[PDB]
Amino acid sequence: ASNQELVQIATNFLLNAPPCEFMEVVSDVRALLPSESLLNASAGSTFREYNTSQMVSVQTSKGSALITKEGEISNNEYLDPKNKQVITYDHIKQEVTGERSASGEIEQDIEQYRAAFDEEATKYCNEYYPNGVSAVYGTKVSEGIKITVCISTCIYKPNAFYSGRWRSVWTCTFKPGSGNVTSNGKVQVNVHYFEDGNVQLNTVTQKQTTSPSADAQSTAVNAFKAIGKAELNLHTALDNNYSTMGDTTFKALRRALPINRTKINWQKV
């Protein structure tokens, strides 16, 4: 009931908005706040958390890019290795406010690995995600090189009352030239249907694959062969699961008809 309590309530609404409907939720919230100044100190951090965790996409002069925590250089600056640039972004207005060439943010000593992986992520993304936008980052770590692959794709048809998003973040670590590449993937799928109701699908899957670490080109190709197989299996498992749920738990809730297939005789009973 305190101003800060009312502030925490509204923060939770915002952070939990479904994909592609953030602004519809931001409007509802602002209209429920006794004073528009209540969140004039929490917003930035709040919107930033949503934008980056949803891995929203943006349009730059050189093409589409992703806003993620892995590409975050500053609170409002995001690296786009593919186009060697730094994107300045306004989290509250949800729009790009700057575009410049990178000047050292990209680690050149391992860039050949990042670049070899980037070619594969692009083709993979174009092949399995129609509206997908990708992002491949690179950095040196104790065990060698860490290549982070982000894929994010959404859909929004308010007229058809539904939205959805698919997020994939694969982190590939390896010693350059030998050994194996260990890829840890985290996939999240969200679907929202709201015609005469509100139904939501929410998934979170974590997988780990392994492949050979040799010449950059190969390391990338074989990492994506593994990653693509893992996701195909997960996708398959997800399709099967629909049947299982609807053919097991669902029918085990309310019968379509009583055990004797007859609509109750209300005059009797």
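For every residue, the number given is its place in the sequence shown, counted from 1.
S.K.: Mean CA temperature factor from the deposited coordinates, higher in 172-180 or in 149-157?
M.R.: Mean C-alpha B-factor is greater for 172-180.
S.K.: Looking only at CA atoms, which has the higher mean B factor in the entry: 132-140 or 104-112?
M.R.: Per the deposited B-factors, the answer is 104-112.
S.K.: Among 94, 83, 163, 126, single out the one with the highest C-alpha B factor in the record, please.
M.R.: Going by the entry's C-alpha B-factors, 94 comes out highest.
S.K.: Quick one: which of 216, 226, 238, 26 shows the highest Cα temperature factor in the PDB entry?
M.R.: The record points to 238.
S.K.: Compared with the other modelled residues in the chain, in which third is the CA B-factor of residue 210?
M.R.: Answer is middle: the recorded C-alpha B-factor places it there.
S.K.: Using only modelled residues of the chain, where does the Cα B factor of residue 233 rank: lowest third, middle third or highest third?
M.R.: As the PDB entry reports it, the C-alpha B-factor of residue 233 lands in the middle third of its chain.
S.K.: Could you tell me which third, lowest, middle or highest, the C-alpha B-factor of residue 244 occupies within its chain?
M.R.: It falls in the top third of the chain.
S.K.: According to the PDB entry, is the CA B factor of residue 118 in the bottom, middle or top third of its chain, that is, lowest, middle or highest?
M.R.: For residue 118, whose C-alpha B-factor we compare with every modelled residue in the chain, the answer is the lowest third.
S.K.: Could you place residue 17 in the lowest, middle or highest third of its chain by Cα temperature factor, using the values in the record?
M.R.: Its C-alpha B-factor, which the entry lists for residue 17, ranks in the middle third among residues of this chain.
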